[PDB]
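In: here is the sequence, then the experimental structure:
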4 protein chains.
Amino acid sequence: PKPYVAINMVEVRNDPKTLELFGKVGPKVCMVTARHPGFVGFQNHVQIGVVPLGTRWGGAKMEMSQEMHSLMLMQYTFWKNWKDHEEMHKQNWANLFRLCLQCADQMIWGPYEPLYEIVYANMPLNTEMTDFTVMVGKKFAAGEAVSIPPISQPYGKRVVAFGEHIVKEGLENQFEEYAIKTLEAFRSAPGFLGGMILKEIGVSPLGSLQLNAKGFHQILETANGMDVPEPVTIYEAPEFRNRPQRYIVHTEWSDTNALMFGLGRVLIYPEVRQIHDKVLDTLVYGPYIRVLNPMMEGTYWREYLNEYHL
Amino acid sequence: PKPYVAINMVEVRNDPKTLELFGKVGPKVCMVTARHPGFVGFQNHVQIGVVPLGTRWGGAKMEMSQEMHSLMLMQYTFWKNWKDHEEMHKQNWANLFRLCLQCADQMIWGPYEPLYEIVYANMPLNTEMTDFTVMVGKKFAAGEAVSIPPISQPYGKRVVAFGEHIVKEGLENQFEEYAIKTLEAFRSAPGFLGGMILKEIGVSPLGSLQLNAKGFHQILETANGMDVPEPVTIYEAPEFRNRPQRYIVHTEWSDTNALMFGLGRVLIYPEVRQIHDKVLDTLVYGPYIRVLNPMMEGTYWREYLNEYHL
Amino acid sequence: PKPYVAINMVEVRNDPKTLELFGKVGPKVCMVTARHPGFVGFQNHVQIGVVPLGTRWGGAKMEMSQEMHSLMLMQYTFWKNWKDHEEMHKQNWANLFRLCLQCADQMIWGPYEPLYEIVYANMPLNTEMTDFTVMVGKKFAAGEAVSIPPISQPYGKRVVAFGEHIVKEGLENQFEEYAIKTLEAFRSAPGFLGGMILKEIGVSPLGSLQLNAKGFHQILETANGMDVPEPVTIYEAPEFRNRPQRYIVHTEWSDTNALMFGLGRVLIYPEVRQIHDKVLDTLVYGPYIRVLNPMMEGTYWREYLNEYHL
Amino acid sequence: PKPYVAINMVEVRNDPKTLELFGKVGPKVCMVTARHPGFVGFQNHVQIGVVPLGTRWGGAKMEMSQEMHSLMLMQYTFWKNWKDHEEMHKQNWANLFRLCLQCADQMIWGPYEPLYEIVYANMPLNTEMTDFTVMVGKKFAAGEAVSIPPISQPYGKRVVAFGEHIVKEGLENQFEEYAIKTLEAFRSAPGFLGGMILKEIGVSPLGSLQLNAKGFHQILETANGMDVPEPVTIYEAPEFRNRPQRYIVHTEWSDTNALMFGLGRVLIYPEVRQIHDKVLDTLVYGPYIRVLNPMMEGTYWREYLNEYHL
Ligand SMILES: [Fe+3]
Ligand SMILES: [Fe+3]
Ligand SMILES: [Fe+3]
Ligand SMILES: [Fe+3]
C-alpha cells in the first residue's frame, strides 16, 4: 500500500569533512529509525542542480554540484502511518538528537521536515543491471510480460526531478487530476523510471528541532547532545500544515538528458503540453524543479508500496 | 506613516559578471518603480551569512560571502498602500519584465516576492558620519535631545539581521506583543540601529513571474523579453497568503559583533531572555537569522515613515 | 557675499612627472593670484569619473582615474568681482604665463577659462573631523543649533558632482527656479555637503592663452616663457559669452555612493523627480555629470561667501 | 549597584583550532550561566601583553600576542551576590563541566576562578561610535551634560590594564584609599575609559575543577564529560581566601599608547606620582600590569552597575 513520507531537509557544507561525517552518521540514524515497526525504508538525496527551462533560471545547470559551497539534502523516510514517524522521533529522541548534533558543525539551514501523503505513485522496485534477468523471468512466469518495469538502478545510478508546486485554494482536485495525467504521459519518455505526487499534510516538530522556549535553550546550550532537551513542543505536525497546498512532483530518470527532454514533453510535445497546461493554471508558485541524486536508500520501501519483491 | 513592503527574493550566481550586471540593471528597475506615486523608496540586501547561535548552524558564519557560489538577494520596496506595488507591476509590466530577464543568465531561484504590513517600526533616518552635526543641531534646536537617533550609515556601512519566524494559528497577538518588547529591549544594546516587524499579507504574482499557462510559456519562449508575455495571473496577492503566519523580524546593527552580542541578549541577559521566551513559545518555525548587507538603498523611505527629513 | 568664479580647464598627462610638476607649480600660481586683493580663494579639482545613470554612459564609472592616460583639471578661483580676475591676469601676466608654460610638456588641451556668476549657493565652511566640536559649540552659543552644517572635509576628503547643462533661450528663469528647488531637496540626502549653481558670463582671453596673431606666435616661439608675449587680445571676456546659456550645477558629497544615491533622488524619489523634470524640460544639452576630487583648496573662499569663520 | 565578579583564568594553546573551538563553546557557557537570575553579564579577555615600565620587564611588550604559543584568558562574570555564582555552578554542573571539557585538548593551566568584591567602580556604559549621538542626547535631556562618559567601544575595540597587587596585612585601608585617588586622577588622562578595584574574597571550587579525591578521579577518567563527576568539594569559596590580600586594579583605555602614558602618570606626573607612592608603600607584590583585549562581552553588566541604559 501507499506509505506516508517525511522529507528531512537540511543545507550542509560541501566539504570532505561533511561527506565523511554524513557517511558515518547517516547509517546510524537509519538504524535508530528502523527500531519502529512502522518504518518501511528511506531514500536520501543530494541536490546536484536545477532544471533551467531554457534561460528562466539561466544561472543554473542540472549538474552544478562541483561549483557549490553547500549542499541541500532531502532525506525521505517512508511510514505505514504518518503518526509512526512522530512516535519514532518521540521514542528515540535522545539517540536521534545526539546523532543530529554530530552534523552540527556542518549545518547551514534546517532541519525542516514536512510530512506528506502520496496522491499517486508509479514507482517500480529498484533493480541493479545484474538483476534484470530475475525480474524478466519472474514477470514472464506470472503472465505479466505487459507490466515488466524499467531498470531503475539504486545507490546513485539514476536521477530525480523534485518539482515544487503550490496550488491555489480550491484548485487541488484539478492539479491532482492533470499532474497524474502528466506523469502517465511520462511513461512514453525514454529513461522514465516512475514518479509520485506528494501532498504536504504537516511538519514534524521534533524532526525540525522545534521545541518550546525551554527546549530551544537546551538545544543551544547542549555539549554535543550529552545534555538532552526535554522534547516538549508547542504544536503537533497537523498544526503546521502550510496553505496554500504544497505538492512535490517527484519523477525519476535514467540520467539528466532523459530528465530534461522527458520533462520537456510538457513544453515541446503539443499533446502533453495541453495536459500540463491544466496543471500550470492551478499554480500560485512553480513549477521549480531541483535535480537530485538518490545516493543512500532502503529500496524495500518500494516492496511495501508494490506489495512484492524479487 | 508606516509603508507596506514588498521583498523581491532571488538567488543569483556569485560572479563578477553578476555584480556588474546587477549594478547596471538594479538602478533602472528603481527608476521604473519610481514612475508610480505610491513608491516611497527601497532597501536592497545581499545575504552575507547566518547567525549560528553557538553550534546550532555550526557550518555557518555571519560573514560567509567569499566562500559562496551563489548569493541570496532581498530587495525591499516600500509603498504607501500594498496595492500600489501591484498596480506599478501591471502598469510597467513590459519594461520591468525586460529588465528582470537581463538578470536571466545569472538566476538560480526566484523571483519570489511576498508582501508585508509593518506591525512595528523603530527605524531612524539614515545618516552619513558627515551628517551627525546637522542631525544633533536640528534635534537640540527642537528640544528633542532625548530622541536623537544613532548614526545608521547608508550604502553598505551597517548590517541587517533578517529573522524568519512562523507562528502557530491563534498565537499571532502573543508573538507581536513580545517581539515588540524584545525590539524595545534592543535599544539598550551597543550598535543597535533600529528594527521593524513585517507580517506577510500576500505574494505578488507579477513580481514572482507567476502567470497562467499561456503567460508561463511566453516567459520561457521570449528572446530576452522582446516578446512580452500577456500579464494574466490565476491569482491576486491576497490569494497567496501563507498560513501559518510568516513574520520577518528585521533589525539593524553597526557591525556583525554588535548584531551577535545584541541579538544574543535574548540568550545571555536573563531579563531579555524572559521576554523573548514568550516569542519562542509561539513558533512553529524559527528563529532562523540571516545576516544581510544593505547595499543600494533609497533612504527617503524612512523620511516617509518618520514624517521628517534633515 | 557671493563671489564670481573662474574655472581654469586643462587636460594633462596622467604621469608621476605631471603629479610632481603640478604639486610644485600649482602653489606658485595660487601665490601669484593672491597678489590681487579681489582674490578670495580657490578650489582645484581632478576629474575621477562620470556618473553613468544606469547604462546611459555604460563605459564610464564614478572612479575611472587609475584607468586613464590623461586627467581633466577644473581649477576654480573666487573673486569679489569678475573683473578682478581679468585685472590679476593682466597685472601678473609675465609670472603667470611662465608658470603656465612649466606645465607645457604635460598639456593635451587647454587652458580654457570660463567665468561665472553664482545664481545660488548653499556651500558651508569646510571643517576637518577635529573641528566639529568648535563648530557645534560656536553655533549652539549663537542660538543657531538649527543651522549647524554637515562636516565637509577639505583637501581630497569628499567628492564633487560637476553637472553640465545648456538651457534653451527663454527658459533660463525656469531652469534656475527648479535647479534651486532640486538642490534644496538634496539637503535631505545622506552625505550632501552643499551645492551651487554657476551661470557662465564670459571666457577669460588671458586665462585661455587667446591673444592676437602676434601674441599667438610669441606663445609658440617662447623658450619656456622667458620670451613674454605682449598680452594684447582681440576680445574681452563678455565678448565670448556662449549661447545658449551654460550652467554648472556643482554639488558636494561625502563619497561617491552618497553622490550616486543622492543625485539619484531626481530619478528614484517621485516628489524630487517631479521638481527636476522642470529642469530637464529646459535643456538643449545635458545633464552630463563629471565626478571630481577637490584636492588643493583655499577654503577661506567659503568664509567670504558665508561672512563668518570658525 | 556593584555586582560581585568571578574571574575564570585559563591558559590555552594559541592555535586556529583553539580560536574556533572557544568561539563555539564560549557562547554556550554564557547561555548556561544566564539560566541563573543573579547573572548580570560578562567580560571575556585575552592577554595580549605586559606593561614593561621602561626595562623592568624588558622582554615584554604591550602587544606580544602574535609571538606567543599560549594565551592567558581572564573571563569575568558579574553577579548580584557572589553566592549566585556558586549556586549557578552547582545547579548547572553537568552542562558546564561538559562544555569546560570541550576546551580540554587546548588547556595548559587552569581553570582557576577567584571571586571578588568591587571596592570602587567608575565604569561607564559601553557605546559603539554609532551610539554617541544617543548617549549625548539622553545625558543632556536628563540634565547630566556634566557627567557624559567617554566612548568606551565594546567587542575588542579598546584595551584593559590588569594590575596585580598584593597588600601587606593591615595596609588594606591605605591601599584602597590611594588606589581610588589614583583612578580618580586617571579621569584627566586622554583615552581613559574607566576603572574598578577588585578585592579577592575567595576561590570557586567548582569553577576551579577542585573536588574531593573521588571527584578528581572522575574528572581524569571521564570520556569528554559524558561521565559526570559528583560535585563534592572539600571547601567552600571563602575557605580559599588568599592572604595577604590580593587586588586587581582594572583600568580601560582607548588604545595601548593611551594606557602607557595614562598609567604612566603615576611615574611622570609629579602630583599623581605623590598619590600612587602611597599605594606602592602598601605592596608585598606588584604592581604587575597585564595588557588585556576585552573581546566577547555582555555589556549589560554596566547597566546593572550604573542602574540605567540607553
Ligand atoms: Fe524524521
Ligand atoms: Fe515588485
Ligand atoms: Fe585665471
Ligand atoms: Fe564560574
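Out: All right, it came through fine. Numbers count the residues shown, from 1 in each chain, chains lettered A, B, ... in the order given. Ligands and ions are numbered 1, 2, ... in the order given.

In: can you pull the phi/psi pair for residue A:197?
Out: Per-residue torsions, residue A:197: phi -120, psi 120 (degrees, to the nearest 10).

In: bridging residues for it?
Out: residue A:120, residue A:249 (DSSP bridges).

In: can you give me the distance of it to residue A:183?
Out: Noted for residue A:197: a distance of 7 Å to residue A:183, by C-beta to C-beta, to the nearest Å. Heads up, the C-betas are built off the backbone N, CA and C, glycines and all.

In: compare neighbour counts for these two and give me the winner.
Out: Between residue A:197 and residue A:183, counting by other C-beta atoms under 10 Å in any protein chain shown, residue A:197 is the more crowded of the two (24 against 21).

In: so which residues of chain A form helices?
Out: Secondary structure of chain A by DSSP state H: the helices cover A:16-33, A:82-91, A:93-102, A:132-141, A:172-186, A:213-221, A:256-263, A:265-268, A:270-280, A:301-306.

In: could you dump the longest one to PDB, C-alpha only?
Out: Output in PDB follows, covering the C-alpha atoms of helix A:16-33 (Å, rounded to 0.1, in the frame of the first residue of the first chain):
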ATOM      1  CA  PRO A  16      35.300  16.300   2.600                       C
ATOM      2  CA  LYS A  17      34.700  16.500   6.400                       C
ATOM      3  CA  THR A  18      30.900  16.800   5.800                       C
ATOM      4  CA  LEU A  19      30.900  13.800   3.200                       C
ATOM      5  CA  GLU A  20      32.900  11.600   5.700                       C
ATOM      6  CA  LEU A  21      30.800  12.600   8.700                       C
ATOM      7  CA  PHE A  22      27.400  12.000   7.000                       C
ATOM      8  CA  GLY A  23      28.600   8.600   5.600                       C
ATOM      9  CA  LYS A  24      29.300   7.600   9.300                       C
ATOM     10  CA  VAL A  25      26.200   9.300  11.000                       C
ATOM     11  CA  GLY A  26      23.500   8.700   8.300                       C
ATOM     12  CA  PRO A  27      23.600   4.800   8.600                       C
ATOM     13  CA  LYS A  28      23.200   5.200  12.400                       C
ATOM     14  CA  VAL A  29      20.200   7.500  12.000                       C
ATOM     15  CA  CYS A  30      18.600   4.800   9.700                       C
ATOM     16  CA  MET A  31      19.300   2.100  12.300                       C
ATOM     17  CA  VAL A  32      17.600   4.100  15.000                       C
ATOM     18  CA  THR A  33      14.600   4.900  12.700                       C
END
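
In: can you list contacts of that helix?
Out: With contacts defined as C-beta atoms under 8 Å, 6 or more residues apart in numbering or on different chains, helix A:16-33 is touched by A:12, A:39, A:42, A:44, A:71, A:73, A:75, A:77, A:88, A:92, A:95-96, A:99-100, A:102-103, A:106, A:296, A:298, B:59.

In: out of the residues you listed, which are buried?
Out: A:12, A:39, A:42, A:44, A:71, A:73, A:75, A:77, A:88, A:92, A:95-96, A:99-100, A:102-103, A:106, A:296, A:298, B:59 (16 or more other C-beta atoms under 10 Å in any protein chain shown).

In: in a markdown table: the helices of chain A, plus distance to residue A:50.
Out: Converted to a markdown table, those look like this (distance: least, C-beta to C-beta, whole Å):
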| stretch | distance to residue A:50 |
| --- | --- |
| helix A:16-33 | 21 |
| helix A:82-91 | 28 |
| helix A:93-102 | 27 |
| helix A:132-141 | 32 |
| helix A:172-186 | 19 |
| helix A:213-221 | 32 |
| helix A:256-263 | 11 |
| helix A:265-268 | 16 |
| helix A:270-280 | 18 |
| helix A:301-306 | 26 |
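
In: correct me if wrong: residue A:280 contacts residue B:212.
Out: Yes - counting by C-beta atoms under 8 Å, residue B:212 is a contact partner of residue A:280 at 7.0 Å.

In: picking up where we left off before, the helices of chain A: which one's closest to residue A:158?
Out: Closest to residue A:158 of the helices of chain A is helix A:256-263 (C-beta to C-beta; 9.1 Å).

In: elements contacting that closest one?
Out: strand A:159-167, strand A:246-253, strand A:283-298 (3 or more C-beta pairs under 8 Å, 6 or more residues apart in numbering or on different chains; DSSP states H and E).

In: name the residues that touch that helix?
Out: With C-beta under 8 Å, 6+ apart as the criterion, helix A:256-263 contacts A:49, A:51, A:62-63, A:159, A:161, A:163, A:186, A:189-192, A:251, A:253, A:268, A:289, A:291.

In: same check, this time on stretch A:228-242
Out: Against stretch A:228-242 from outside (C-beta under 8 Å, 6+ apart): A:82, A:86, A:89-90, A:93-94, A:97-98, A:114-115, A:200-206, A:210-212, A:214-215, A:218-219, A:222, B:166, B:168-169, B:171, B:242-244, B:281-285.

In: just the buried subset of these, please.
Out: Looks like the contacts of stretch A:228-242 have A:82, A:86, A:89, A:97-98, A:114-115, A:200-206, A:210-212, A:215, A:218-219, A:222, B:166, B:168, B:171, B:242, B:244, B:281-285 buried, using 16+ other C-beta under 10 Å.

In: near ligand 4, which of these show up?
Out: Among those, no residue lies close to ligand 4 (C-beta under 5 Å from the ion).

In: who's in contact with stretch A:162-177?
Out: A:45, A:47, A:74, A:119-120, A:179, A:197, A:199, A:243-251, A:263, A:278-279, A:281-292, B:234-235, B:239-240.

In: what number of residues lie near residue A:275?
Out: Neighbours of residue A:275 (other C-beta under 10 Å): 20.

In: same deal with residue A:35?
Out: 11.

In: roughly how far apart are residue A:232 and residue D:35?
Out: Distance of residue A:232 to residue D:35, given as C-beta to C-beta: 17 Å.

In: contact partners for residue A:273?
Out: Residue A:273 is in contact with A:265, A:266, A:267, B:217, counting by C-beta under 8 Å, 6+ apart.

In: now residue A:223
Out: Going by C-beta under 8 Å, 6+ apart, residue A:223 touches D:28, D:95, D:98, D:99, D:101, D:102, D:225.

In: and which of the residues you listed is nearest to chain C?
Out: Proximity of these to chain C (C-beta to the nearest C-beta) peaks at residue D:28, which lies at 38.9 Å.

In: burial of that closest one, as a residue count?
Out: Residue D:28 has 24 neighbours, counted by other C-beta under 10 Å.

In: and it, how close does it get to residue A:220?
Out: 7 Å.

In: just the buried ones from the contacts of helix A:256-263?
Out: Neighbour-count burial (16+ other C-beta under 10 Å) is assigned, among those, to A:49, A:51, A:62, A:159, A:161, A:163, A:186, A:189, A:191-192, A:251, A:253, A:289, A:291.

In: what does the stretch 51-200 of chain A have sitting close to ligand 1?
Out: With the criterion set to C-beta under 5 Å from the ion, the stretch 51-200 of chain A comes near ligand 1 through residue A:113.

In: who in the stretch 51-200 of chain A is up against chain B?
Out: A:53-60, A:64, A:67-70, A:101, A:104-109, A:112, A:166, A:168-169, A:171 (C-beta under 8 Å from any C-beta of the partner chain).

In: are any of those residues buried, and which?
Out: Neighbour-count burial (16+ other C-beta under 10 Å) applied to these gives A:53, A:55-60, A:64, A:69-70, A:101, A:104-109, A:112, A:166, A:168, A:171.
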